[PDB]
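Reviewing the structure listed below.
When we count neighbours, we look across all protein chains shown, and the Cβ atoms used for this are built from the backbone with ideal geometry, even at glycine. Please treat every number below as a calculation from the coordinates, not as lab data.
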Amino acid sequence: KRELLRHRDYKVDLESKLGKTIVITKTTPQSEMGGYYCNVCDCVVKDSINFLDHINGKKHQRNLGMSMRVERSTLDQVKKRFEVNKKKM
RNA sequence: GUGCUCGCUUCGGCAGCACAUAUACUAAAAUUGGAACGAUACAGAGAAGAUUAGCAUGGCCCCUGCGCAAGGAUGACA
């Protein structure tokens, strides 16, 4: 039982820690280590684009109970999305 | 199905007759798994002897001292 893949509604904080230096000792955990950390995956990745590859990967989405299948939206959903933005602006 | 029986029988039909004789990895679809030497991260002298300083031992030749063994020549009246 795997749910369908859902588009992330939150922006990714790839740029958040530019210039912010991290002093790394032996006792420091992977959470505060340099780079990007998948709290769901418990893995460290040291690129923004490689972290994006991770959070777009089969294993990361599997750990979230997802799959590599995207919902097939219908006519009314797209039309109502159009009307929703028309109302919002 | 086509055509034919001097058949029943009517052109509405029926019974029999000649030919037709055994296709398919068969598949459209089902699903969950395991996965780089590709990137970034680290290191990166990515080919050398893996050394040189003394003293003592060992070999050869003298010199000196002590010991052992066997010896050579010489010296001393009252």
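Go ahead and set up a Gaussian network model of chain A, Cα springs under 10 Å, then flag whichever of A:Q77, A:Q30, A:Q61 fluctuates most.
Its mean-square fluctuation being the largest, the pick is A:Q77.
Please get the size of the charge dipole for chain A, origin at its Cα centre, with Cβ charges of +1 on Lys and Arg and -1 on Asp and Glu, quoted in debye to the nearest 20.
Here chain A has a charge dipole of around 480 debye.
Apply the Karplus curve 6.51 cos²θ - 1.76 cosθ + 1.60, θ = phi - 60°, to the phi angles in the stretch A:13-28 and return the couplings in whole Hz, x for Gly and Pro.
Each residue of the stretch A:13-28 in turn: 8, 4, 8, 4, 10, 5, x, 5, 7, 10, 7, 10, 10, 5, 6, 5 Hz.
Return a single number: how many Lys pairs in chain A, at a sequence separation of 8 or more or on separate chains, have alpha-carbon atoms below 30 angstrom apart.
26
Based on DSSP H runs of at least 4 residues, each adding -39500 (n - 2.57), what is the mean residue ellipticity at 222 nm of chain A after dividing by all its residues, to the nearest 500 deg cm²/dmol?
-9000 deg cm²/dmol
Whose amide H sits under 5 Å from the amide H of A:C43, counting only residues 5 or more places off or on another chain, with H placed in the peptide plane?
A:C38
Compute the helix-to-body angle for A:75-88: its Cα long axis versus the longest principal axis of chain A, expressed 0 to 90° and rounded to tens.
Helix A:75-88 and the main axis of chain A meet at about 70 degrees.
Out of A:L5, A:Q30, A:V78, whose Cα points farthest toward the positive end of the dipole of chain A (charges: +1 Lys, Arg; -1 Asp, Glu; placed on Cβ)?
The one lying farthest along the dipole's positive direction is A:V78.
Pull out the extension gain between A:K80 and A:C43, defined as 0.36 nm times the separation in residues minus the alpha carbon to alpha carbon distance; nm, one decimal.
9.4 nm is the gain from fully extending A:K80 to A:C43.
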